[PDB]
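[1] Next one to model:
(one chain, ligands or ions: 2)
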Amino acid sequence: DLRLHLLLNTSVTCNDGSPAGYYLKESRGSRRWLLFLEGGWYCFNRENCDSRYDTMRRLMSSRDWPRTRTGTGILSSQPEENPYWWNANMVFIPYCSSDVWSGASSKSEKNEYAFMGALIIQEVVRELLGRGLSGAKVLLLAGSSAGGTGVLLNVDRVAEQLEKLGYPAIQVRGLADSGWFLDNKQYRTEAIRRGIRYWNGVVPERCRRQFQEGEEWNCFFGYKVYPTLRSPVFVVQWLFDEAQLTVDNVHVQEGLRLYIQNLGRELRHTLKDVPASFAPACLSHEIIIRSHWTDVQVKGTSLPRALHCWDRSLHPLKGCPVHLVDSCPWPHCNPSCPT
Ligand SMILES: *[C@@H]1O[C@H](CO)[C@@H](O)[C@H](O)[C@H]1NC(C)=O
Ligand SMILES: COCC(=O)NCc1ccccc1
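    Numbers count the residues shown, from 1 in each chain. Ligands and ions are numbered 1, 2, ... in the order given. Now the structure:
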């Protein structure tokens, strides 16, 4: 069980002005810290944010949050469920900003909602230094779906924050799960372009300088922002991601068969020069905080093992690979896929 702490700085808020927060489970014999970013789509104007407030309010407010959460998957403390980092300090950061963790805008007389995702991450890091993070050797910023994209947008800013605060010894790294999307043609970019304006959204400096004003939406797409990042980032992405297919209007004849095969081929291509990655040929979405995340394998290697091999590489390894991308071209050609 991780225990809830609401942020002491009450100016850093969820969408409706209630305080943001984090769930923490300490491990005093450990200098590793795992900070996980929750996902859950987004909203990009007044009317669709109002709708989300009616029926997805826990993703916009802390007023109804429970006092504890069970750590599952990579956030579990039992070695049988989490062979990778079972002894680490565990942090779950709830997603209540609806902005893919990019916003820096307060609620005010001109703004009905606050979009403070990028500031929530910074404030969590600041307050955790007083609870033990000051002694860390590794800070792994992880996240799933919109939280996975959030890792790509924020990992270098976290590294810069700790440098300027006087902690150059803490190594900051990223783990982006199911947040690596393609801006491809549908089967039958605009919402993010509107979102960034609505949220006062922020993207990494080197990527923003390449694409410049009005084109910062490009930095939300993994294959475009990843080459600009300096921190080490491990990328987990199903080749046939269900959220990718949703936005592509895919719900089997030749036309659709070729569409699906070309989508897997394009995703595989964008990962060819990503040295730390895990990309199985499955139709699914998210994995790292699922209890059965130990089950899937690529070329005979599990995801917890690949992450362990990544740790060793950051001290090629014999029988310990870190780049694992399926080559077979159809969903569930890998027998280990989630049932
Ligand atoms: C609280 O957070 C806001 C927004 O990031 C910041 O401007 C302010 O300085 C913070 N206050 C303190 C006391 O850290
Ligand atoms: C589709 O997955 C749900 C989600 O939250 N996507 C965030 C995102 C939107 C646009 C570009 C990149 C990332």
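
[2] Alongside ligand 1, which residues does this structure contribute?
    Taking Cβ under 6 Å from any ligand atom as the criterion, the neighbours of ligand 1 within the chain are 9, 11, 12, 119. Every C-beta, even on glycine, is put in place using the N, C-alpha and C of the backbone.

[3] if you set the cut-off to 8 Å instead, what comes out?
    Listed as neighbours of ligand 1 in the chain under the rule Cβ under 8 Å from any ligand atom: 9, 11, 12, 104, 106, 116, 119, 122, 123, 126.

[4] For residue 119, which residues are in contact?
    Residue 119 sits next to 12, 103, 104 when contact means Cβ atoms under 8 Å, 6 or more residues apart in numbering.

[5] State the three-state secondary structure for the closest residue to residue 64 other than its chain neighbours.
    Here the nearest residue to residue 64 in space, its sequence neighbours aside, is residue 58; by Cβ to Cβ, 6 or more residues apart in numbering that works out to 6.0 Å. Of the three states, residue 58 takes helix according to DSSP: H, G, I helix; E, B strand; the rest coil.

[6] where's residue 58 relative to residue 42, distance?
    Applying Cβ to Cβ, to the nearest Å, the value for residue 58 to residue 42 is 15 Å.

[7] same thing with residue 142?
    Taking Cβ to Cβ as the criterion, residue 142 is separated from residue 42 by 19 Å.

[8] what do you get for residue 82?
    29 Å.

[9] go on, residue 337?
    Taking Cβ to Cβ as the measure, residue 337 and residue 42 are separated by 27 Å.

[10] So for the two, which sits in the more crowded spot?
    It is residue 42, of residue 337 and residue 42, that has more neighbours when counted by other Cβ atoms under 10 Å, with 26 against 19.

[11] residue in the protein nearest to ligand 1?
    The nearest approach of the chain to ligand 1 comes at residue 9, 3.7 Å away (Cβ to the nearest ligand atom).

[12] from memory that residue sits against residue 123, does it?
    Yes. Contact criterion Cβ atoms under 8 Å: residue 9 and residue 123 qualify, at 5.6 Å.

[13] Doesn't residue 91 lie inside a strand?
    Yes. Assessed with three-state DSSP, residue 91 lies in a strand.

[14] which one of residue 9 and residue 123 has more residues nearby?
    Neighbour tally, residue 9 and residue 123, criterion other Cβ under 10 Å: the higher count belongs to residue 123, 18 against 13.

[15] Please, which helix or strand holds that one?
    In this structure, residue 123 sits in helix 117-129 according to DSSP states H and E.

[16] Any chance you could give me that helix in CSV, C-alpha atoms only?
    The C-alpha coordinates for helix 117-129 follow below in CSV (Å, rounded to 0.1, in the frame of the first residue of the first chain):
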residue,chain,number,x,y,z
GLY,A,117,0.7,18.7,-15.3
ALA,A,118,4.3,19.9,-15.9
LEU,A,119,4.3,21.9,-12.7
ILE,A,120,2.8,19.0,-10.7
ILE,A,121,5.8,16.8,-11.7
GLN,A,122,8.3,19.5,-10.5
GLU,A,123,6.5,20.1,-7.2
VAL,A,124,6.3,16.3,-6.4
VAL,A,125,10.1,16.1,-7.0
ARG,A,126,10.7,19.2,-4.9
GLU,A,127,8.7,17.9,-1.9
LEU,A,128,10.2,14.4,-2.2
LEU,A,129,13.7,15.7,-1.7
